[PDB]
Each structure stands twice: as structure tokens, then as C-alpha cells.
């Protein structure tokens, strides 16, 4: 059977654990050997070492959520020149460095979701807002944050973005950053935290400092991590998408391409228990690059979690 590596930014974070579980399950469904493995720290070096290991083992495909737009390119290009299928999921690399990106949404959809969620709680024309996510280099979150900032400048001209700070996919660093944000900005109105670790850290610090009544806190994380904060009312809402299914889609697409050849832009793949996915042009993500057998496969939906529906999810 095909050997397929599914690599997160780092392990030990619910988002990535859940994605990997979907990938591993799909392997069993589709008849492929799927290995979920990755570094304990979100480093370029760590990801490159795992990439090199799977390539050296003669794996047929790898699907990675990248901590960097370009840092993985040499390793991934080495992979592709040896006939290894290279794909990304969650966070992309430069399009000439992979084939397909299994993508939860466009920067506009996701940036727009962040802003809309924040706007629901701010309900004030003049406001002070902080951005808080993993790192200034990571592909996905910076794309979304840039799109969100652009929307804020246009839709909410009275909002002042007072700071952008980073938690580095780390509970302790994120906790310190969140407490620092709150203490520096006593009149802060919102925190937009598009990162699985940053969001719960912001919620926690707000509870620690009794700041939750005044700061609207939104972002992207998993239900199992955010549950306590939603149930207590510390935050009202946050977003994500079906990351388990995202992992499944990645594996099915990989296995299809291995068995049947490259998909082209416009082409569709039927996936049992999922539906139909389609290859979009890189243009949908804002890239200026196209090539045969290269593109972006968008997830069907994003979800907003509140106390009303969080009980319906377990990941």
C-alpha cells in the first residue's frame, strides 16, 4: 500500500492531534499506511528533519502543515524530485514547493470570520483591538491576520489596532503574552487570536485578571480546548472547521493522486463519507502562480462555536 506521512506544525496540540486522527482513520478506509508524526516544537529545522526522514524511508507522499512559507522548500523540492508527492494542509508553503494545499478557507473568508466574530461583541464604533497569534513567519495565520486588518481598516475605521503579539504555539509563552497585552491596555476592547494556543491563553488570562467582561475575545481553536471558557461565558464565540475531515480529505486526495495521477485545476474527486472536493487555482489564495497538477482544495465549511452548539462536538 501507499505510505503517507501526515505532519503537523507540532504535536501535543488538540487541533493537530484531531487532524492526525482523521488522516490515520482515512488511511484505514482507503487502504494506505498513514503515519502521523512531527516535532514537539514548531521549528523549520524540526519539520525539515521529519520531511527528510520520511523521504529517506521511501514514503510515497507527505502532507504537511508548514511553520514557514519558504523554509521547507529545499527539503520539499528534494522530496518531489525523488517522486514523493508533496501536499500541504492547514498552513501552506510557496506553491512551487508543493502540489496541493488542503485549505480550510481563503484569507478573506477567514479574516472576515475573525472580524465578524469580534464585531459581534464590540458593538462600539471606536474601539481598541489586539491581534495575538503564534508567530510572525507562519504562512496561514499571517495571511489571515493581514486580511482581517484590511477589513477592519475598511469596515471599522474607528477601531485602533493597538498591538500584534505572539505566543509561538506554546502555552507558557502565550499565557505571558496574553497577560502582558491585558496589563498594557487597561481599556482594551478586543483580542483577535487566530491560533489554537493563543485563543485559550487569552481567555485564561482574562479570567485571571477579571478582564473578561470588557474584552471581547475571539479566534480559532478546538472545541475540547475552548469548552470551559464557553461554558463559563468568558468568551461568547470562536471559529474553526472540520479538522478531522480535513485530515481525511488530505489522505484520500493523496491516495487518489498516487493511484491515478495528478489532478488538474477544475477537477473533482468524490470522497466516501465526505462529498466532492475540487481543485481551485492558486489564485483563490492570492498567489500569482499556476502549474499543471497544482492547486488548492478548499474545505466546504467553517463553523462558529457558541454555548449553543459546542456540546455537539468532541475534538
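Positions refer to the first chain, counted from 1.
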Checklist entry - Would 13-21 or 294-302 have the larger average of its C-alpha temperature factors, as given in the entry? => result 294-302
Item to check | Between 176-184 and 130-138 (mean CA B-factor, as deposited), the higher | outcome: 176-184
Checklist entry - Per the entry, which of 93, 80, 171, 192 tops the list for Cα B factor? => result 171
Checklist entry - Among 61, 274, 51, 251, where is the Cα temperature factor highest, going by the PDB entry? => result 274
Checklist entry - What third of the chain, by the recorded C-alpha B-factor, contains residue 31? => result highest
Checklist outcome for this item: Chain-relative C-alpha B factor for residue 210 (record values, thirds): the middle
Next on the checklist: Lowest, middle or highest third: which one holds residue 101 when the chain's residues are ordered by CA B-factor from the entry?
Outcome noted: lowest
Next on the checklist: Based on the deposited C-alpha B factors for this chain, I'd like to know if residue 55 is in the lowest, middle or highest third.
Outcome noted: lowest
Item to check | Chain-relative CA temperature factor third for residue 157 | outcome: highest
